[PDB]
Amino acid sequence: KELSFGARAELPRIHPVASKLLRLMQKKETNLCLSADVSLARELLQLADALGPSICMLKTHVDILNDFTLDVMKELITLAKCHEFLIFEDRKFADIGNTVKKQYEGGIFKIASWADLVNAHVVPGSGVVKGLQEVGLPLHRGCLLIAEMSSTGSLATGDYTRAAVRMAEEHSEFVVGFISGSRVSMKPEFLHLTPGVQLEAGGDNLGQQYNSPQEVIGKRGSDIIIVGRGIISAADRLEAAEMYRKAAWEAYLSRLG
């Protein structure tokens, strides 16, 4: 039998970060992750504040911010704490452990100092996880492994996907779930987050593909939708975020029974 988000938050093997996320999802009735792909700090913060109540998570690409400072991330954390959402930096770590460890802790972004969650490609082998966890475990953080991608021509299929699942299952002290297009693990202690979501069928001119919240949450068994342009390009971003939230939440309720 499928467990609710609230119950999954209490599973014996749950990671504290996944448990925190699952409890706010249940509390707020939201399984929407806003993708805030914006070029200005003030836009990031404005959106986080206005849409915070509607979202379980805010996904950042800090490298696209023309005016990133750690004082912007400090302010973001205050918003995350106030509205109750996790911060997920979509950094896509994708190299040897020695390197990604430095990229996660160091440099100007100091990602581990503010990001509840990060993600990593599995193509380098498990060293990518072992390096990240050297930094993330002391900082009480979690990681998502990229098991499938939303884009046309994606190579993250078949045996590659199976490899991501195995790596996750063997690094549960740090890995809390997946970026995927569908449920890829049978263990309920893992989260599935799915980008490439819009209400209407389509894609963009550079390989993005879209499926609806009901397809991805209801039919494919994923837990959370990640939505950028579907919301950000809308005239009314508050109504758009509420529409995606209600769509994802109802799809989850249906699948739950």
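When you see a residue number, it is the position in the sequence shown, counting from 1. We call the rigid core whatever largest set of C-alpha positions still superposes within 1.5 Å between the two forms.
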Legend entry - Between 180 to 188 and 95 to 103, the one whose CA atoms sit farther away in 5 other deposited structures of this protein (rigid core aligned): 95 to 103
Legend entry - Mean Cα B-factor comparison, 187 to 195 or 200 to 208, giving the higher one as deposited: 200 to 208
Legend entry - Mean temperature factor over C-alpha atoms, higher-scoring stretch between 134 to 142 and 116 to 124: 134 to 142
Legend entry - Third of the chain, ranked by Cα B-factor, where residue 92 sits: lowest
Inset, instruction - Sorting the chain's modelled residues by C-alpha B-factor, tell me whether residue 214 ends up in the lowest, middle or highest third. - result: middle
Inset, instruction - Ordered by C-alpha B-factor within the chain, which third holds residue 78? Give me lowest, middle or highest, please. - result: highest
Legend entry - Chain thirds of CA B-factor: placement of residue 160: highest
Inset, instruction - Looking at the entry's B-factor column for C-alpha atoms only, identify whether residue 67 ranks in the lowest, middle or highest third of its chain. - result: highest
